[PDB]
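We've got the same protein chain twice here, in two forms, each standing alone as structure tokens: structure 1 and structure 2.
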Structure 1
């Protein structure tokens, strides 16, 4: 049996990340790893400059609208004043090039396209832009995005929808339906969860090949060394980010097992490295013109991953600024700053349809309350710092500066910069995950811990 390449188009504030576990699920099922292609683009210019089209009644922009608030007036003016048409020629061109180099390197003739959130809106404009394009497409998958339109002409369509409750920005929907297509609904999944979900990988595999797949678990591959091919790129705009990568292996408490790194390298966007399967690692990144030190943490690589993404904070959506006032008080040398990420909504409020709530333990305190991670917010990024630098942990006063940010939320917690910190998460879909890392100083360090979208319960 033979597979055809797949291209993945992220949604607003998204990236290849949302399709990293999917790329590995396809891998263990035969798919040669280098076939799962991700297409990244400027989610901020797209939603602002294109999706404010009347083509879907301005329905795609909704999300770029809110997130743009943080933009500097001069720079936002610059953005909107870009030519709507040229940015679509340019961009859809880069997608052609990408799809070609696909068929070409694989020998197949048709490819399968996947779209998520604003990304669905993207794909559709694309497949309907001409015949020659709709020609090079085998099947089309539209994850929890556009609805209320007819699927492209003569091209097998698949559209999956999650619980709308966790997606305010799309509104009053009685039934999400992409006409004449195969519709699948998981009313027990939230927006991004549904993109990285295993239960959603199955439906995907079947619809594009013709048969359910062997497994949907992340399979630890034979061997001692895995190949990671990631990228340090700017949040939301996905531009390449320049810096220095130092890799230090560590023990169950974040302490470095070597005095020097096992890898130190110049990075300008993309990067490749060979690492030991199942080994804990700390990714220390120093971005250009920022004296801040970034400590990236996550679960070990049980197998080749060619879609790892490390998100950096850059202009125009310099999201790290909102935390700036604080990083600057002398209080900072006494607290630690954390960013908890999980491409699977961390819910703090119960909802029958959803089925549960997660718990995120930072130093014993659970920071995934009902007022910090309500479903509406669809929390994927979570900042944990000393709000105000008062040294007091008001966990009931929601940090307001994230009100507007899509997919984020924060929480006023004090995490002592002495010894270590302990993040422990009991996922709402069963399974705990836990990390213990050095408690770095908020004055010179930022800490990014990334939870795994997939988590097993070999007993439940």
Structure 2
């Protein structure tokens, strides 16, 4: 009611998915869910044309390093041909539109802006580009990004920094700077404690709760989007939603919702009910099955990542998807917007455990701290029917925020997945063992277990 809209800007290879839990937290504290907005943009182009400096002569050395490897030298020519100033103006005008719509919709005169990682560079340039744009910002929140520069003039800014070893000397001048040395890069963005500090910083009081509070009623409104990983463009395809049982078995002959999707979609589902989101993206025979915990309240920020050029990470698994053994094994992708760490460290204070059919794939070698694993690929490397966990899957060592585990997952019956979080608590799933020749399985773990 007496709240301002907040607009979040993600980092490189990120999306609104990183603010999904904070959105639910804002709503559980009285914000109308619609007052929390996200701005999505193409991070590969932004980084290559605008943040070149951060990319190679600074912060994001990791993506910079494997830019030449992950992208077609010709394709990179096209992106690098693009004009910097044109790109900036066109992207800033689009953000101006999101902000203005948020202002009209709430009657508020200003909004709060929040950036994470590259998003902080983005927002600082944005607020500094014109007096007209800054006048509409009540508070600026910079999460684990830019340091060593001035906070925009006259804009209350708060910079929050996490543990540096995830590749207190980080200060934004004139901003309130605080630190959470117990947190990793993405975790800092989705964490309930970052939520309490952001909330307090913009509202002047500690929120009553930091939990994702189950709302009353049988239904939840879900607004989501199937988009390209990293470039974030709309993806078209067909979506079938099926309520499922404790073992992943479809409870209905026909899907409870079937629809053509061109990016965003909105649907009404049951609160606390497990669901399988099956998707077929235009021009691909593969059937995707996305699984995640039940929705306990409205979620207007759900994201289903799809692999597409020029950064088709999924092709790295094609050799195995094409082998005859592929009819015999499953291939899955585990995602958590909170680094899965298999390397013990005191400051971070804990190791996660991730079991697939009883085997722990979050090892020191597979999931070292420096890897900041948010996406773990589990499949039979080489299609040789052997689970060589101690042999690194080299092809993924080049992808940012990812890793892989050579594990044989028989395509018969079900697959059980169990995670024990480094911050405590456990979550598990049991889903069908779809074969890798025609199916792809994606399982997203919640980024916080209370």
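If you superpose the two forms and keep the largest set of C-alpha atoms that fall within 1.5 Å, you have the rigid core. Numbering follows the first chain given and starts at 1.
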query	finding
Core-superposed comparison between the two structures - Cα displaced by 2 angstroms or more, from 407, 46, 26, 63	63
For residue 180, CA displacement between the two structures after the core is overlaid, in Å	1.7
Cα shift between the two structures at residue 73, which is computed once both forms share a superposed rigid core (Å)	2.1
